[PDB]
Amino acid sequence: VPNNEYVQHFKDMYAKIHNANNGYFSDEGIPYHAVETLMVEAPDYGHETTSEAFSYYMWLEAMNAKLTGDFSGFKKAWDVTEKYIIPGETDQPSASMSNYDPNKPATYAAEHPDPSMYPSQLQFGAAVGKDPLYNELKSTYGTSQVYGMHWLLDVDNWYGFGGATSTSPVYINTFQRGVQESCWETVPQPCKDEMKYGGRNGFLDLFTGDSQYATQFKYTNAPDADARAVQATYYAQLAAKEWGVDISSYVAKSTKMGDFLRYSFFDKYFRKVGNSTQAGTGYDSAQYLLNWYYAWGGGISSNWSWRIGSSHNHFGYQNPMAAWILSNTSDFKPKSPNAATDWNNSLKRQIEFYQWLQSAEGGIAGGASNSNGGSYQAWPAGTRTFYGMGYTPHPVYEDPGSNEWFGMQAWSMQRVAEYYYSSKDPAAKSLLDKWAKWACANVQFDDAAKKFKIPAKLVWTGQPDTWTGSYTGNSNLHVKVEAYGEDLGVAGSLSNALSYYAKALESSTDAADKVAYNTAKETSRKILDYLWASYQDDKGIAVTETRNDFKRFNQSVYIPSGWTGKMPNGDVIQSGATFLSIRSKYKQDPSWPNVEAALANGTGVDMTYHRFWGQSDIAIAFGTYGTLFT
């Protein structure tokens, strides 16, 4: 096993993350989104957590097993995942799941350009296609229940949906009201709406319009997280083979999760791809990318259920490494007969998607949708397309734009790089060559200070050429870096990507590849060296960030006229609500006085955060460099 300073940096970070003093984990052994509680950005409280965090926990532990031969931590990560974030029997009652109708997967409702247009009316007469996965999955696993992670967990019952005296985890959701509903504009709701909290119909009639409402459950996948779980488990299995350890039952968990993850291939209402006013008859509604979500729900008081995909796709979610694992390794072939073939088709489609979205400069553009406006509107003449899906610079969300964050670049291209290293697929080479040149040109080193900045915010203009099968250079698609910053988690991910890219180039004898190898490897190493030299603190590796967006604690929340309800703690929900007015426990937070002062004299809020995923990306980047370059 490698024994160098980068391996040691991993072990030191690993020890920090697991030290009880540092507060990364709950009583249940669940990693929080961040150590710090006052935190709003996708989760809206720091001690919520995400399926993303669980997948990073798996990945962190896989790297530890690789370096130490100890797999106990990895097994633990999967055990807590299955117990707490994959809905169980009381969460998705089998009698409802078994009453699914794959010929009528769900009832159509439009998405809308503003939260004020919700609830959206259920349209029982509108077309919905056939679900071609259900019967195969049911036959394979002997149940109709779904084995996938729900995306958001209230780890210590901060919202109180679990009752006034519990700190056990509660499945919750936030985002419901379309493209303009930012994290500041949601109304948090329990995934199991038993109408005990909220209004007359619980929270249900904020979101969907119907003539009556019954108690029900709803879960929503984050496909990028479930794919990362597969990626992590493959790394653990490589380690298991090296160390002579059997983790086959954990491999089986990941492959089952990857089997259900095929729902992320499908249009929201199983509409034909590129002919989206029409109901699909099966795989003609397969987009074959990792979409923004699949979701499923059903009755509590009576037995019924539904499933949806998503028509929207973001490059930042894709994971060719996961797709390759599930389609081209024997260990991770899923049990459903068609799963490996489906994943092989997704692998090819994903790599095409990255190429299609690659800007003139090299950054990857947003994505594509099968549902213009989220209501299957006609595409404007001249719309640029990918297998019939229209280009979208900012998939799903525009407050802020979902492709403004540079982190998607690092996260997603890390997977392409690891995939290229593993498969040496020539279709990934020019894509990575071009992306890496752009990324490295935008890392700003201060060598005297041993510090750096990387892009924070990206601005997009133009559009790609319609995909005809090969990259065009996309001369009219552009990215500009609008701001630079010190997001250390993203920097860790970027190092990881550059490490795999360089290692993949190591066998090249081409002179230009050798130059690129040196540049990528040195850039990766310097990021790691400067992280270690200059950014360590007691809990991990971190730096202050200014959150000007925290002015939105007083953000108005849309509530329909005449609608009234209450949060579990009694906060009144009615027109005139704000982010803070329905989350009054924020004023009990130890960081609140600082926030309230800041709002008082019009400043951004300075915070130093230890995000679990960020600390994990940094640790894993150390371990990656230390293992690839011995």
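Each residue number is its position in the shown sequence, starting from 1.
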Between 4-12 and 619-627, name whichever shows the higher mean Cα B factor according to the PDB entry.
4-12
Which of the two stretches, 381-389 or 222-230, shows the higher mean Cα temperature factor in the record?
381-389
When the CA B-factors of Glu36, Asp44, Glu596, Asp27 are compared as recorded in the entry, which is the largest?
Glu596
For the CA B factor values reported in this entry, which option in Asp513, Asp79, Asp210, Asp193 has the top one?
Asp210
Considering only modelled residues of the same chain, in which third does the CA B-factor of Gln355 rank: lowest, middle or highest?
lowest
If you rank the chain by CA B-factor, which third does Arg307 end up in: lowest, middle or highest?
lowest
In terms of the CA temperature factor given in the entry, to which third of its chain does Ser584 belong: lowest, middle or highest?
middle
Sorting the chain's CA B-factors, does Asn64 end up in the lowest, middle or highest third?
middle
Divide the modelled residues of the chain into thirds by Cα B-factor and specify which third, lowest, middle or highest, holds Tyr235.
lowest
